[PDB]
file start.pdb (PDB, C-alpha atoms and all ligand atoms)
ATOM      1  CA  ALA A   1      91.331 179.387  97.462
ATOM      2  CA  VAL A   2      91.026 178.623 101.202
ATOM      3  CA  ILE A   3      88.789 176.397 103.311
ATOM      4  CA  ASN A   4      88.639 176.073 107.110
ATOM      5  CA  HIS A   5      91.882 174.673 108.576
ATOM      6  CA  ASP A   6      90.000 171.902 110.400
ATOM      7  CA  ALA A   7      87.931 170.944 107.330
ATOM      8  CA  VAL A   8      90.782 169.867 105.024
ATOM      9  CA  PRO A   9      90.233 166.087 104.717
ATOM     10  CA  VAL A  10      93.201 163.796 105.319
ATOM     11  CA  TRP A  11      94.355 162.472 101.935
ATOM     12  CA  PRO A  12      94.509 158.656 102.389
ATOM     13  CA  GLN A  13      97.921 157.105 101.807
ATOM     14  CA  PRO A  14      97.599 155.135  98.541
ATOM     15  CA  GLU A  15      99.474 151.998  97.616
ATOM     16  CA  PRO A  16     102.868 152.860  96.065
ATOM     17  CA  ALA A  17     102.553 152.570  92.298
ATOM     18  CA  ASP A  18     106.299 152.531  91.446
ATOM     19  CA  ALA A  19     109.724 152.308  93.054
ATOM     20  CA  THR A  20     109.856 156.063  93.714
ATOM     21  CA  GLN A  21     106.663 155.941  95.768
ATOM     22  CA  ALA A  22     107.691 152.716  97.516
ATOM     23  CA  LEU A  23     110.981 154.293  98.584
ATOM     24  CA  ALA A  24     109.187 157.297 100.061
ATOM     25  CA  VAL A  25     106.872 155.004 102.027
ATOM     26  CA  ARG A  26     109.860 152.969 103.256
ATOM     27  CA  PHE A  27     111.802 155.953 104.621
ATOM     28  CA  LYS A  28     108.822 157.819 106.167
ATOM     29  CA  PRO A  29     110.192 159.571 109.292
ATOM     30  CA  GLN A  30     108.833 159.992 112.813
ATOM     31  CA  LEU A  31     107.979 163.456 114.139
ATOM     32  CA  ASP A  32     108.055 164.542 117.808
ATOM     33  CA  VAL A  33     105.925 167.697 118.215
ATOM     34  CA  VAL A  34     107.357 169.135 121.431
ATOM     35  CA  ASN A  35     105.211 172.290 121.386
ATOM     36  CA  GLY A  36     103.002 174.193 118.958
ATOM     37  CA  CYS A  37     100.618 172.782 116.362
ATOM     38  CA  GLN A  38     100.301 169.215 115.200
ATOM     39  CA  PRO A  39     100.740 168.691 111.440
ATOM     40  CA  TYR A  40      97.500 169.159 109.449
ATOM     41  CA  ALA A  41      96.512 168.531 105.849
ATOM     42  CA  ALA A  42      97.158 171.622 103.733
ATOM     43  CA  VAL A  43      95.455 170.773 100.413
ATOM     44  CA  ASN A  44      92.716 168.479  99.100
ATOM     45  CA  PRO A  45      92.382 166.753  95.676
ATOM     46  CA  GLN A  46      90.299 169.660  94.295
ATOM     47  CA  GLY A  47      93.091 172.136  95.042
ATOM     48  CA  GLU A  48      91.449 173.883  97.989
ATOM     49  CA  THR A  49      94.003 174.864 100.652
ATOM     50  CA  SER A  50      94.021 175.440 104.401
ATOM     51  CA  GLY A  51      93.127 178.918 105.585
ATOM     52  CA  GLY A  52      95.433 178.418 108.550
ATOM     53  CA  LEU A  53      95.030 180.149 111.909
ATOM     54  CA  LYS A  54      95.451 183.711 113.147
ATOM     55  CA  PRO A  55      98.404 183.990 115.569
ATOM     56  CA  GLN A  59      97.901 178.566 122.422
ATOM     57  CA  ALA A  60      97.569 175.376 120.315
ATOM     58  CA  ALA A  61      94.022 174.284 121.209
ATOM     59  CA  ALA A  62      92.824 174.994 117.655
ATOM     60  CA  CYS A  63      95.612 172.905 116.057
ATOM     61  CA  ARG A  64      96.145 169.852 118.328
ATOM     62  CA  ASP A  65      93.723 167.354 116.743
ATOM     63  CA  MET A  66      95.731 164.200 116.014
ATOM     64  CA  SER A  67      93.089 162.948 113.568
ATOM     65  CA  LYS A  68      94.010 165.732 111.105
ATOM     66  CA  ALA A  69      97.577 164.441 110.653
ATOM     67  CA  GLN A  70      99.251 164.428 107.220
ATOM     68  CA  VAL A  71     102.820 164.345 105.907
ATOM     69  CA  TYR A  72     104.002 165.133 102.367
ATOM     70  CA  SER A  73     106.988 164.091 100.278
ATOM     71  CA  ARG A  74     108.738 164.675  96.970
ATOM     72  CA  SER A  75     111.696 162.732  95.568
ATOM     73  CA  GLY A  76     114.601 163.664  93.330
ATOM     74  CA  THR A  77     118.346 163.659  92.772
ATOM     75  CA  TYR A  78     121.162 166.142  93.380
ATOM     76  CA  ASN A  79     124.913 165.803  92.779
ATOM     77  CA  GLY A  80     124.560 162.049  92.268
ATOM     78  CA  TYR A  81     122.634 161.369  95.505
ATOM     79  CA  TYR A  82     118.976 160.407  95.871
ATOM     80  CA  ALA A  83     116.910 162.757  98.055
ATOM     81  CA  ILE A  84     113.522 162.187  99.678
ATOM     82  CA  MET A  85     112.111 165.401 101.149
ATOM     83  CA  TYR A  86     109.397 164.962 103.774
ATOM     84  CA  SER A  87     107.369 168.036 104.652
ATOM     85  CA  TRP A  88     104.768 169.046 107.250
ATOM     86  CA  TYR A  89     102.212 171.867 107.273
ATOM     87  CA  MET A  90     101.013 173.472 110.522
ATOM     88  CA  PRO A  91      98.048 175.903 110.604
ATOM     89  CA  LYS A  92     100.191 178.462 112.467
ATOM     90  CA  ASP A  93     103.582 178.797 114.042
ATOM     91  CA  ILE A  99     103.281 186.073 118.477
ATOM     92  CA  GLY A 100     104.113 184.024 115.369
ATOM     93  CA  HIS A 101     102.339 183.846 112.044
ATOM     94  CA  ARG A 102      99.612 182.098 110.062
ATOM     95  CA  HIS A 103     100.800 178.929 108.241
ATOM     96  CA  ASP A 104     104.012 176.937 108.710
ATOM     97  CA  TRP A 105     105.923 174.676 106.312
ATOM     98  CA  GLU A 106     109.001 172.682 107.365
ATOM     99  CA  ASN A 107     110.920 169.818 105.754
ATOM    100  CA  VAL A 108     113.630 167.214 106.281
ATOM    101  CA  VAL A 109     115.664 165.511 103.553
ATOM    102  CA  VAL A 110     116.749 161.869 103.734
ATOM    103  CA  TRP A 111     119.840 161.421 101.533
ATOM    104  CA  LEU A 112     120.607 158.017  99.991
ATOM    105  CA  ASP A 113     123.809 157.098  98.154
ATOM    106  CA  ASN A 114     121.503 156.083  95.290
ATOM    107  CA  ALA A 115     118.056 154.617  94.804
ATOM    108  CA  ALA A 116     119.371 151.085  94.188
ATOM    109  CA  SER A 117     121.495 150.436  97.286
ATOM    110  CA  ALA A 118     119.473 152.994  99.319
ATOM    111  CA  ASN A 119     121.890 153.477 102.224
ATOM    112  CA  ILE A 120     121.204 156.609 104.265
ATOM    113  CA  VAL A 121     124.247 158.850 103.960
ATOM    114  CA  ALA A 122     122.945 162.064 105.583
ATOM    115  CA  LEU A 123     119.923 163.852 107.021
ATOM    116  CA  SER A 124     118.968 167.534 106.744
ATOM    117  CA  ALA A 125     116.299 169.416 108.708
ATOM    118  CA  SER A 126     114.963 172.887 107.959
ATOM    119  CA  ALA A 127     115.627 175.520 110.628
ATOM    120  CA  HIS A 128     114.686 179.138 109.806
ATOM    121  CA  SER A 129     116.498 180.092 106.547
ATOM    122  CA  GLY A 130     118.876 177.120 106.557
ATOM    123  CA  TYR A 131     119.271 173.427 107.344
ATOM    124  CA  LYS A 132     120.796 171.460 110.168
ATOM    125  CA  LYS A 133     122.815 168.560 108.758
ATOM    126  CA  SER A 134     123.735 165.160 110.195
ATOM    127  CA  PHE A 135     126.560 163.736 108.025
ATOM    128  CA  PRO A 136     127.088 160.826 108.308
ATOM    129  CA  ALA A 137     123.625 160.191 109.709
ATOM    130  CA  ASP A 138     124.013 159.824 113.482
ATOM    131  CA  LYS A 139     122.539 156.426 114.368
ATOM    132  CA  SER A 140     121.009 157.875 117.547
ATOM    133  CA  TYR A 141     118.707 159.877 115.220
ATOM    134  CA  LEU A 142     117.603 156.696 113.383
ATOM    135  CA  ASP A 143     115.076 154.104 114.525
ATOM    136  CA  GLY A 144     116.166 151.468 112.039
ATOM    137  CA  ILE A 145     115.964 153.447 108.789
ATOM    138  CA  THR A 146     113.278 155.793 110.218
ATOM    139  CA  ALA A 147     114.642 159.277 110.940
ATOM    140  CA  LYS A 148     113.590 160.813 114.286
ATOM    141  CA  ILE A 149     112.688 164.487 113.857
ATOM    142  CA  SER A 150     111.610 167.128 116.379
ATOM    143  CA  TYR A 151     109.312 170.145 115.916
ATOM    144  CA  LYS A 152     109.911 172.758 118.601
ATOM    145  CA  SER A 153     110.271 176.473 119.323
ATOM    146  CA  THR A 154     112.697 177.728 121.982
ATOM    147  CA  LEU A 157     112.589 182.022 118.189
ATOM    148  CA  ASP A 158     109.873 180.518 115.975
ATOM    149  CA  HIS A 159     109.537 176.783 115.372
ATOM    150  CA  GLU A 160     112.308 174.743 113.768
ATOM    151  CA  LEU A 161     112.997 171.129 112.932
ATOM    152  CA  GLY A 162     115.871 169.192 114.471
ATOM    153  CA  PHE A 163     117.163 165.694 114.994
ATOM    154  CA  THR A 164     116.222 163.949 118.202
ATOM    155  CA  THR A 165     116.709 160.688 120.046
ATOM    156  CA  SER A 166     113.070 160.896 121.170
ATOM    157  CA  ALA A 167     110.507 158.586 119.615
ATOM    158  CA  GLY A 168     107.943 160.352 117.447
ATOM    159  CA  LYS A 169     104.671 159.835 115.568
ATOM    160  CA  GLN A 170     103.944 159.036 111.926
ATOM    161  CA  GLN A 171     101.262 160.411 109.608
ATOM    162  CA  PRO A 172      99.508 159.272 106.409
ATOM    163  CA  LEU A 173     101.784 160.189 103.503
ATOM    164  CA  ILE A 174     100.594 161.704 100.216
ATOM    165  CA  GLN A 175     103.442 162.283  97.772
ATOM    166  CA  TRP A 176     103.766 165.110  95.241
ATOM    167  CA  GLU A 177     103.996 162.393  92.600
ATOM    168  CA  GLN A 178     100.617 160.961  93.746
ATOM    169  CA  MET A 179      98.591 164.179  93.943
ATOM    170  CA  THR A 180      96.044 165.452  91.486
ATOM    171  CA  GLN A 181      97.253 168.141  89.132
ATOM    172  CA  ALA A 182      94.845 170.542  90.861
ATOM    173  CA  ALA A 183      96.609 169.960  94.191
ATOM    174  CA  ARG A 184     100.092 170.446  92.721
ATOM    175  CA  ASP A 185      98.839 173.621  91.000
ATOM    176  CA  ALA A 186      97.410 174.960  94.262
ATOM    177  CA  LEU A 187     100.599 174.273  96.217
ATOM    178  CA  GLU A 188     102.641 175.996  93.486
ATOM    179  CA  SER A 189     100.536 179.162  93.336
ATOM    180  CA  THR A 190      99.020 179.666  96.816
ATOM    181  CA  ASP A 191     100.276 182.531  98.996
ATOM    182  CA  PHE A 192     101.152 180.949 102.354
ATOM    183  CA  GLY A 193     102.333 184.315 103.722
ATOM    184  CA  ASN A 194     105.412 183.999 105.920
ATOM    185  CA  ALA A 195     105.602 180.259 105.102
ATOM    186  CA  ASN A 196     106.653 178.654 101.818
ATOM    187  CA  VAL A 197     105.936 175.229 100.346
ATOM    188  CA  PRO A 198     109.451 173.705  99.974
ATOM    189  CA  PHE A 199     108.664 170.996  97.378
ATOM    190  CA  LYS A 200     107.040 173.066  94.604
ATOM    191  CA  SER A 201     109.094 174.594  91.765
ATOM    192  CA  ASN A 202     111.711 175.562  94.394
ATOM    193  CA  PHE A 203     112.406 171.848  95.050
ATOM    194  CA  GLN A 204     115.878 171.621  93.468
ATOM    195  CA  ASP A 205     116.876 174.965  95.001
ATOM    196  CA  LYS A 206     115.964 173.545  98.410
ATOM    197  CA  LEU A 207     118.002 170.390  97.809
ATOM    198  CA  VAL A 208     121.019 172.625  97.108
ATOM    199  CA  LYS A 209     120.537 174.433 100.418
ATOM    200  CA  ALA A 210     119.993 171.110 102.205
ATOM    201  CA  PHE A 211     123.049 169.444 100.649
ATOM    202  CA  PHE A 212     125.463 168.016 103.205
ATOM    203  CA  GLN A 213     128.927 168.704 101.724
TER     204      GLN A 213
HETATM  205 MG    MG A 301     108.507 177.979 109.785
HETATM  206 MG    MG A 302     119.786 156.554  91.623
END
call {"tool": "encode", "arguments": {"input": "start.pdb", "output": "structure tokens"}}
result
Amino acid sequence: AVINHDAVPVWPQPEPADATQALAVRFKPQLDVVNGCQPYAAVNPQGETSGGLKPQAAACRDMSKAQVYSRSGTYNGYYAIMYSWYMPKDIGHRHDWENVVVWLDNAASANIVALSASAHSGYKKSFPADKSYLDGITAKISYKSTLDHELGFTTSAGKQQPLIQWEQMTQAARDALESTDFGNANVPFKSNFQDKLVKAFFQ
């Protein structure tokens, strides 16, 4: 069930308890919000979710509300870390969920081989990962509408948010993200995770 969009507390980034969670902290991207909403927390540990906003950005520009999400897995032999942002709205529509995937050759050597970024029903792909889109090993992502909002790769510097990973959530939060109706938007790291990795795959 919903609570006010500006009353979802920021889930504090915990210490990484295993190599999966440490990898997701290591590869946390930067985001450059060119226009529209800042990223907000979408869920709290009790499983309450953001009510979002009716469809400028004055109700969704508070930098203190920032949150980023991730979930990790494998596909076709590669290691994928999906990072995902929720915005209270994208005339547009209530709610917005977008994601990028950082592809590693495997979790041991952990070389970035490709990046994917959600745009409408598909993904932009950078294969091999263009070094102008990387600040070290930190991917530089843009959030912008020219058409509703889409992610992209950018040379511009961006901002980072406290990260709470799927693997670190309470069961009540994972349950809420699986079952909640986000309307025109869809959580991309729930039970559709592997299906999304297929769509994001770079070959
Ligand atoms: Mg969207
Ligand atoms: Mg591996």
call {"tool": "residues_around", "arguments": {"input": "start.pdb", "residues": "residue A:114", "least_positions_apart": "6", "cutoff": "8 Å", "atoms": "only C-alpha atoms", "output": "PyMOL selection string"}}
result
chain A and resi 80-82
call {"tool": "atom_distance", "arguments": {"input": "start.pdb", "atom1": "atom CA of residue A:212", "atom2": "atom CA of residue A:171"}}
result
26.2 Å
call {"tool": "closest_atom_pairs", "arguments": {"input": "start.pdb", "of": "chain A", "to": "ligand MG 301 (chain A)", "cutoff": "7 Å", "atoms": "only C-alpha atoms and all ligand atoms", "output": "Markdown table"}}
result
| residue | atom | partner | partner_atom | distance |
| --- | --- | --- | --- | --- |
| A:93 | CA | A:MG301 | MG | 6.6 |
| A:104 | CA | A:MG301 | MG | 4.7 |
| A:105 | CA | A:MG301 | MG | 5.4 |
| A:106 | CA | A:MG301 | MG | 5.8 |
| A:128 | CA | A:MG301 | MG | 6.3 |
| A:158 | CA | A:MG301 | MG | 6.8 |
| A:159 | CA | A:MG301 | MG | 5.8 |
| A:160 | CA | A:MG301 | MG | 6.4 |
| A:195 | CA | A:MG301 | MG | 6.0 |
call {"tool": "resolve_selection", "arguments": {"input": "start.pdb", "expression": "the PyMOL selection byres (((chain A and resi 38) around 10) and not hetatm)", "output": "list in words"}}
result
residues 31, 32, 33, 34, 35, 36, 37, 39, 40, 60, 62, 63, 64, 65, 66, 67, 68, 69, 70, 88, 89, 90, 91, 92 and 151 of chain A
call {"tool": "closest_residue", "arguments": {"input": "start.pdb", "among": "A:19, A:161, A:43, A:147", "to": "ligand MG 302 (chain A)", "atoms": "all atoms listed in the file"}}
result
A:19
call {"tool": "residues_near_ligand", "arguments": {"input": "start.pdb", "ligand": "ligand MG 302 (chain A)", "cutoff": "10 Å", "atoms": "all atoms listed in the file", "output": "number ranges by chain"}}
result
A: 76-78, 80-83, 112-118
call {"tool": "residues_around", "arguments": {"input": "start.pdb", "residues": "residue A:73", "least_positions_apart": "6", "cutoff": "12 Å", "atoms": "only C-alpha atoms", "output": "NGL selection string"}}
result
:A and (13 or 20-29 or 83-89 or 106-110 or 171-179 or 197-200 or 203)
call {"tool": "atom_distance", "arguments": {"input": "start.pdb", "atom1": "atom CA of residue A:123", "atom2": "atom CA of residue A:140"}}
result
12.2 Å
call {"tool": "closest_residue", "arguments": {"input": "start.pdb", "among": "A:61, A:9, A:162, A:193", "to": "residue A:101", "atoms": "all atoms listed in the file"}}
result
A:193
call {"tool": "residues_around", "arguments": {"input": "start.pdb", "residues": "stretch 141-146 of chain A", "least_positions_apart": "2", "cutoff": "6 Å", "atoms": "only C-alpha atoms", "output": "NGL selection string"}}
result
:A and (27 or 29 or 138-139 or 148 or 164-165)
call {"tool": "write_last_selection", "arguments": {"input": "start.pdb", "atoms": "C-alpha atoms", "output": "compact mmCIF listing (two decimals), keeping the file's coordinate frame"}}
result
# COMPACT_ATOMS: atom_id res chain seq x y z
CA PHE A 27 111.80 155.95 104.62
CA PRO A 29 110.19 159.57 109.29
CA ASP A 138 124.01 159.82 113.48
CA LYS A 139 122.54 156.43 114.37
CA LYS A 148 113.59 160.81 114.29
CA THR A 164 116.22 163.95 118.20
CA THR A 165 116.71 160.69 120.05
call {"tool": "atom_distance", "arguments": {"input": "start.pdb", "atom1": "atom CA of residue A:122", "atom2": "atom CA of residue A:207"}}
result
12.4 Å
call {"tool": "resolve_selection", "arguments": {"input": "start.pdb", "expression": "the PyMOL selection byres (((chain A and resi 209) around 10) and not hetatm)", "output": "NGL selection string"}}
result
:A and (124 or 126 or 129-131 or 204-208 or 210-212)
call {"tool": "write_last_selection", "arguments": {"input": "start.pdb", "atoms": "C-alpha atoms", "output": "compact mmCIF listing (two decimals), in the coordinates of the input"}}
result
# COMPACT_ATOMS: atom_id res chain seq x y z
CA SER A 124 118.97 167.53 106.74
CA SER A 126 114.96 172.89 107.96
CA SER A 129 116.50 180.09 106.55
CA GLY A 130 118.88 177.12 106.56
CA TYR A 131 119.27 173.43 107.34
CA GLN A 204 115.88 171.62 93.47
CA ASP A 205 116.88 174.96 95.00
CA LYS A 206 115.96 173.54 98.41
CA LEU A 207 118.00 170.39 97.81
CA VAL A 208 121.02 172.62 97.11
CA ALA A 210 119.99 171.11 102.20
CA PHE A 211 123.05 169.44 100.65
CA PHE A 212 125.46 168.02 103.20
call {"tool": "closest_residue", "arguments": {"input": "start.pdb", "among": "A:150, A:135, A:1, A:125", "to": "residue A:49", "atoms": "all atoms listed in the file"}}
result
A:1
call {"tool": "closest_residue", "arguments": {"input": "start.pdb", "among": "A:157, A:163, A:149, A:6", "to": "residue A:134", "atoms": "all atoms listed in the file"}}
result
A:163
call {"tool": "residues_near_point", "arguments": {"input": "start.pdb", "point": "(98.7, 177.8, 90.9)", "cutoff": "12 Å", "atoms": "only C-alpha atoms", "output": "PyMOL selection string"}}
result
chain A and resi 1+47-49+181-191+200-201
call {"tool": "decode", "arguments": {"input": "start.pdb", "residues": "stretch 124-164 of chain A", "atoms": "N, CA and C atoms", "output": "CSV table (one decimal), in the first residue's frame"}}
result
chain,number,residue,atom,x,y,z
A,124,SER,N,24.5,-1.3,-20.7
A,124,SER,CA,23.1,-1.2,-21.3
A,124,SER,C,22.4,-0.1,-20.5
A,125,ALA,N,21.5,0.6,-21.2
A,125,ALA,CA,20.7,1.6,-20.5
A,125,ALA,C,19.2,1.6,-21.1
A,126,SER,N,18.3,1.5,-20.2
A,126,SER,CA,16.9,1.3,-20.6
A,126,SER,C,16.4,2.6,-21.3
A,127,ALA,N,15.7,2.4,-22.4
A,127,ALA,CA,15.1,3.6,-23.2
A,127,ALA,C,13.8,3.0,-23.8
A,128,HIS,N,12.7,3.5,-23.2
A,128,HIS,CA,11.4,3.1,-23.6
A,128,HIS,C,11.3,1.6,-23.5
A,129,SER,N,10.9,0.8,-24.6
A,129,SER,CA,10.8,-0.6,-24.5
A,129,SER,C,12.1,-1.4,-24.7
A,130,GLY,N,13.2,-0.7,-25.0
A,130,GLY,CA,14.4,-1.4,-25.2
A,130,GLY,C,15.6,-0.9,-24.4
A,131,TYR,N,16.8,-1.2,-24.9
A,131,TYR,CA,18.0,-0.8,-24.3
A,131,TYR,C,19.0,-0.3,-25.3
A,132,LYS,N,19.6,0.9,-25.0
A,132,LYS,CA,20.8,1.3,-25.6
A,132,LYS,C,22.0,0.5,-25.1
A,133,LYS,N,22.9,0.2,-26.0
A,133,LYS,CA,24.1,-0.7,-25.6
A,133,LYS,C,25.4,-0.1,-26.0
A,134,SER,N,26.3,-0.1,-25.1
A,134,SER,CA,27.7,0.4,-25.4
A,134,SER,C,28.6,-0.8,-25.3
A,135,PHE,N,29.0,-1.4,-26.4
A,135,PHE,CA,29.8,-2.7,-26.5
A,135,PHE,C,30.9,-2.6,-27.5
A,136,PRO,N,32.2,-2.6,-27.2
A,136,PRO,CA,32.7,-2.5,-25.8
A,136,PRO,C,32.4,-1.2,-25.1
A,137,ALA,N,32.5,-1.2,-23.8
A,137,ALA,CA,32.1,0.0,-23.1
A,137,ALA,C,33.0,1.2,-23.5
A,138,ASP,N,32.4,2.2,-24.1
A,138,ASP,CA,33.1,3.4,-24.5
A,138,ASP,C,33.7,4.1,-23.3
A,139,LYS,N,35.0,4.2,-23.3
A,139,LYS,CA,35.7,4.8,-22.1
A,139,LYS,C,35.3,6.2,-21.8
A,140,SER,N,34.7,7.0,-22.8
A,140,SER,CA,34.2,8.3,-22.5
A,140,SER,C,33.0,8.3,-21.6
A,141,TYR,N,32.3,7.1,-21.5
A,141,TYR,CA,31.2,6.9,-20.6
A,141,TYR,C,31.6,6.4,-19.3
A,142,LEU,N,32.9,6.2,-19.0
A,142,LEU,CA,33.3,5.7,-17.7
A,142,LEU,C,34.2,6.7,-17.0
A,143,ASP,N,34.0,6.9,-15.8
A,143,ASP,CA,34.8,7.7,-14.9
A,143,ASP,C,35.5,6.7,-14.0
A,144,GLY,N,36.7,6.2,-14.5
A,144,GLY,CA,37.3,5.0,-13.8
A,144,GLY,C,36.5,3.8,-14.2
A,145,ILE,N,35.9,3.1,-13.2
A,145,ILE,CA,35.0,2.0,-13.4
A,145,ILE,C,33.5,2.4,-13.1
A,146,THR,N,33.3,3.7,-13.0
A,146,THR,CA,32.0,4.3,-12.7
A,146,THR,C,31.3,4.7,-14.0
A,147,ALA,N,30.2,4.1,-14.3
A,147,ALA,CA,29.5,4.4,-15.5
A,147,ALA,C,28.8,5.8,-15.3
A,148,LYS,N,28.7,6.6,-16.4
A,148,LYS,CA,28.1,7.9,-16.4
A,148,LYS,C,26.8,7.9,-17.2
A,149,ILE,N,25.7,8.0,-16.5
A,149,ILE,CA,24.4,7.8,-17.1
A,149,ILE,C,23.6,9.1,-17.0
A,150,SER,N,22.8,9.3,-18.0
A,150,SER,CA,21.9,10.5,-18.1
A,150,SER,C,20.5,10.1,-18.0
A,151,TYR,N,19.7,11.0,-17.4
A,151,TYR,CA,18.2,10.8,-17.3
A,151,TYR,C,17.6,12.1,-18.0
A,152,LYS,N,16.9,11.9,-19.0
A,152,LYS,CA,16.5,13.1,-19.8
A,152,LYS,C,15.3,12.7,-20.7
A,153,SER,N,14.4,13.7,-21.0
A,153,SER,CA,13.4,13.6,-22.0
A,153,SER,C,13.6,14.6,-23.0
A,154,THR,N,13.4,14.2,-24.3
A,154,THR,CA,13.6,15.2,-25.4
A,154,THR,C,12.2,15.4,-26.1
A,157,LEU,N,8.5,12.8,-26.5
A,157,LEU,CA,9.1,11.6,-25.9
A,157,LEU,C,9.3,11.7,-24.4
A,158,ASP,N,8.9,10.6,-23.7
A,158,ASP,CA,9.1,10.5,-22.2
A,158,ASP,C,10.5,10.4,-21.9
A,159,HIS,N,10.8,10.2,-20.6
A,159,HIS,CA,12.2,10.2,-20.2
A,159,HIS,C,12.9,8.8,-20.6
A,160,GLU,N,14.2,8.9,-20.8
A,160,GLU,CA,14.9,7.7,-21.1
A,160,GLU,C,16.3,7.8,-20.5
A,161,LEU,N,17.0,6.7,-20.2
A,161,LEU,CA,18.4,6.7,-19.9
A,161,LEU,C,19.3,6.7,-21.1
A,162,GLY,N,20.5,7.1,-20.9
A,162,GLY,CA,21.5,7.1,-22.0
A,162,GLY,C,22.9,7.2,-21.3
A,163,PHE,N,23.9,7.0,-22.2
A,163,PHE,CA,25.3,7.2,-21.7
A,163,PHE,C,25.7,8.6,-22.0
A,164,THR,N,26.6,9.2,-21.2
A,164,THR,CA,26.9,10.6,-21.3
A,164,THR,C,28.4,10.7,-20.8
